[PDB]
Structure formats: structure tokens, C-alpha cells
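Participant: Below is the sequence, then the experimental coordinates.
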Amino acid sequence: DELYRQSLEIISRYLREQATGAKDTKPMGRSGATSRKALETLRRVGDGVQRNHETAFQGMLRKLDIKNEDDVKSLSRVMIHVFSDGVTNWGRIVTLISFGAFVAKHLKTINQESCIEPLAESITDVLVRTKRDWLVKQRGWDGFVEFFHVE
Amino acid sequence: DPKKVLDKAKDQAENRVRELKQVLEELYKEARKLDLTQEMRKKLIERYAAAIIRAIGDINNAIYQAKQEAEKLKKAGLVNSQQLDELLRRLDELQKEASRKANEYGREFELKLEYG
């Protein structure tokens, strides 16, 4: 399943980088190209939504109260509610991922770093399993990179 | 022309923020009336987080949709590269001015849950 493999890599890595502060140096699937460009995009845009909505996000993180791994299953319910009006766009998508990064930073500060991969598997699983055809029609992560590109 | 791009973005943002407010109002009106089990509180907090993520996602999407609309006009030389920059600046201003409303309502609701 290529799209799942590629989506997990990107999401998983962004969450780890964000939690730690240290950028991976391991080799992706794409040496020079799509997974790399997607990660670069996600850093620019997703770092932006975190700065610009720090207040809203802290508020949510405090009340969802993500102590442990049971509570990580409750982010899925959040994602499903988000999409439940029928609308799917990249804005919604990047914002979920950026909220995922915000909670990954938080888990690291409570020494629940081992819940970061499950969190990322879980964002990916919702996104791909429920919007697969939409993602493919948008040209996948190539479309993501194109939609947010600024030059 | 550039004004219709920016005007569109402005409508989208305004409506998305209006929608966010309505949703959080309706949510409070049900949280107050009901006797909240631990479960029903958990559900209500999940709906609030979703409402916020939805609004922030749609604003963001409106703004970068307008970035695409502007970037297209430039390849159809229908805007000179200064007019492009007045647009990308007023979009950036719009983004900030909508992000501040999302944060405001997020917190207002957050206090209604602790205190109100």
C-alpha cells in the first residue's frame, strides 16, 4: 500500500521532529523529491498554524487531557467529527497534522514519547482509510505540495 | 481581478468564523441544560476541538486557495508583480485577523467549560 506507507513516513517524521526539536537525517523513499518536499511544506505551513493558533490549541490539549494511550484513541473521534460534514480539503488536513504535532510535543514533555508513533499511525489511518480516493484524485502528496507552494 | 480574489477570501473567512461561533454557542446551550456524565463531557469536549480544527482548517484553506488564484493571475499577466504582493500581504493580514477570532472563541468556550 504505497499511499499509506508514504503518508505514514511523512506524518510520523514531522511528529518526531516536532517533539524532539531534532530533524531526522535517515533516507526516505524519495532522495531529492516528493516525501521530502511534503515534509518541507509541512514544516512551513504546520509550524505556522501552531504559532498562529497556539491559544486555541493549548485550550484543546488541556481539555482533551491526553495523559496516556487510551486518550490517543480519542483523537480519532476528533478527526472523524471534523470530516463529518462531507467537506475535505488540504486546509483541514494540514491542521489535523499540525494539531498532531502539538500533542506530540506534549507527550514528550510527560515522557510518553512511545505514544508518538501510535498517534501518528492513528492520524494516518483515519486520513488514508477514509479519504483514500480523494487523496489519489488530488495527486496525493504531490498535490499537497502544490497547494501550499509559494513562489 | 485581484479585488474579487481578496473579497472571496474575506467572505469565506467571515462565514467560517460565524459558523464556528454558532457551533460553540449551540454546544454551550446543550452542556448547560444536560446533566453531564463523565462520558457526555468527554463527547462535548471532542465536538469543541473538532469545531475549532474545522474552522482553522477552512480558513487556512480559503487563504491558500486565494494564493493559488493570485498566483494564476500572475501567469496570465492580469496582475503585475506589485499588485500580487499587495494581495499576498492583505491575505496574510486576513489570515491573522481570522486566527485571532478562532483563538478568541476557543478560549471563551474553554472558560465556559471551567467556570461558566
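Facilitator: Sure thing, it's come through. Numbering: from 1, shown residues only, chains lettered A, B, ... in the order given.
Participant: now what about stretch B:14-33, what contacts it?
Facilitator: Contact with stretch B:14-33 is made by B:44, B:47-48, B:51-52, B:54-55, B:58-59, B:62, B:98, B:101-102, B:105, B:108-109, B:112-113, B:116, as judged by C-beta atoms under 8 Å, 6 or more residues apart in numbering or on different chains. Where C-beta positions appear, they are placed from N, C-alpha and C, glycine not excepted.
Participant: can you rerun that using 7 Å?
Facilitator: B:44, B:47-48, B:51, B:55, B:58-59, B:98, B:101-102, B:105, B:109, B:112 (C-beta atoms under 7 Å, 6 or more residues apart in numbering or on different chains).
Participant: Pipe these into CSV and attach secondary structure and distance to residue A:51 per row.
Facilitator: Shown next, in CSV, are the contacts of stretch B:14-33 (DSSP: H, G, I helix; E, B strand; the rest coil; distance: C-beta to C-beta, whole Å):
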residue, secondary structure, distance to residue A:51
B:44, helix, 28
B:47, helix, 25
B:48, helix, 21
B:51, helix, 21
B:55, helix, 17
B:58, helix, 18
B:59, helix, 15
B:98, helix, 14
B:101, helix, 16
B:102, helix, 13
B:105, helix, 18
B:109, helix, 21
B:112, helix, 25
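Participant: for the residue of chain A at minimum distance from chain B, what are its contacts?
Facilitator: Proximity of chain A to chain B (C-beta to the nearest C-beta) peaks at residue A:91, 2.6 Å away. Contacts for residue A:91 (C-beta under 7 Å, 6+ apart) come out as B:57-58, B:60-61, B:64.
Participant: Repeat that for residue A:112.
Facilitator: Residue A:112 neighbours (C-beta under 7 Å, 6+ apart): residue A:68.
Participant: what does residue A:57 give?
Facilitator: A:50, A:99, A:102.
Participant: Could you tell me how many residues sit around the closest residue to chain A within chain B?
Facilitator: When scored by C-beta to the nearest C-beta, chain B has residue B:61 as its residue closest to chain A, at 2.6 Å. Neighbour count for residue B:61, taken as other C-beta atoms under 10 Å in any protein chain shown: 21.
Participant: So it is in contact with residue A:89, correct?
Facilitator: Yes. With contacts counted by C-beta atoms under 7 Å, residue B:61 reaches residue A:89, the gap being 4.5 Å.
Participant: Show the backbone phi and psi for residue A:85.
Facilitator: Note on residue A:85: backbone dihedrals following degrees, to the nearest 10 are phi -90, psi 0.
Participant: How about it, nearest residue that isn't a chain neighbour?
Facilitator: Among residues not flanking residue A:85 along the chain, residue B:54 sits closest, at 7.7 Å (C-beta to C-beta, 6 or more residues apart in numbering or on different chains).
Participant: From residue B:27, how far out is that neighbour?
Facilitator: 13 Å (C-beta to C-beta, to the nearest Å).
Participant: which one of these two has more residues nearby?
Facilitator: When neighbours are counted by other C-beta under 10 Å, residue B:54 and residue B:27 differ, and residue B:54 comes out ahead with 24 against 18.
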